[PDB]
């Protein structure tokens, strides 16, 4: 079985990244024992979260798209084995490559994120975690959606999935329905995409991050009152400002991701056409 990675041959090299419950490591699968084996990215949990990882593995095993990270297999306790992309995420790549990545490349990356996301939605799934940290860089010409840790299936003939465990949520990327009722629609991922586009256009600058910008708008002195204050700001019609050097035509497309009601938001296909017209 080419998708079965034996524990004895999966050699840990170094850490790539870490979250609250999981971590990704660079390993080499070396059955020959001479360091000629293929490098792979391995996701595992820190010592039920085990059940969630098993559902995440089965989602990725069945996704096939040029802008979705490639599933390679499993190591059985279970580890998810995937292709290794040495450039890492946009969050680490963009601050180090501003000279190479111009506006034309930023908009092509935006089209690619939209294509991967439209494919996920056609498979009846809602991501719930679309942010620059979850987009990997294949090359200066290609990006891939690189994590599916919070992904849920939407029931047939239903418009949304309700999440009970909303602990450690990326609130500054969440649409009003997610914050107010814990409801996740395909239109909620469109809202998240608008915030990821803002990150891409600022080259993931820490000082102008969505969290930093919203906290200036609401006040960084609230604590447990932060989310209510965020909801009030959005209900008032306030939104993230236009990124520096971002043309108005691009900002207007970003604004279409942030219509208050999910049913009024632009689709991923409408965004692709919008960006393709600006690229011509």
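Numbering follows the first chain given and starts at 1. What we label the rigid core is the largest C-alpha set whose atoms superpose within 1.5 Å from one form to the other.
Root mean square Cα distance to the shown form, taken over structures and residues in 9 other deposited structures of this protein after a core fit, is higher for 34-42 when 209-217 and 34-42 are compared.
Root-mean-square C-alpha deviation from the shown form, taken over all structures in 9 other deposited structures of this protein superposed by the rigid core, is larger for 6-14 than for the alternative among 6-14 and 264-272. Residue 224, modelled here, also has coordinates in every other compared entry of this protein that models residues flanking it, well short of the third needed to call it frequently missing.
When the other compared entries with both flanking residues are checked, residue 48 is unmodelled in at least a third. The modelled chain breaks after residue 76 and resumes at residue 77, leaving 4 to 9 residues of the deposited sequence without coordinates. Unmodelled residues of the deposited sequence between neighbouring positions residue 47 and residue 48 number 4 to 9. The PDB entry reports B-factors from which the mean C-alpha value can be compared for 172-180 and 110-118; the larger average falls on 172-180. For the pair 30-38 and 221-229, the mean Cα B-factor is higher in 221-229. Considering 72, 152, 91, 96 together, the PDB entry gives 91 the largest C-alpha B factor. Take 83, 199, 138, 157 and read off each C-alpha B-factor from the entry; 157 has the highest. Per-chain ranking of the deposited C-alpha B factor places residue 253 in the middle third. In the deposited entry, the Cα temperature factor of residue 191 sits in the bottom third of values across the chain's modelled residues. Split the chain's modelled residues into thirds by C-alpha temperature factor. Residue 235 is in the highest one. Per the deposited record, the Cα B-factor of residue 21 falls in the highest third when ranked against the other modelled residues of its chain. In the PDB entry, a CA B factor belonging to the highest third of its chain's modelled residues is recorded for residue 216.
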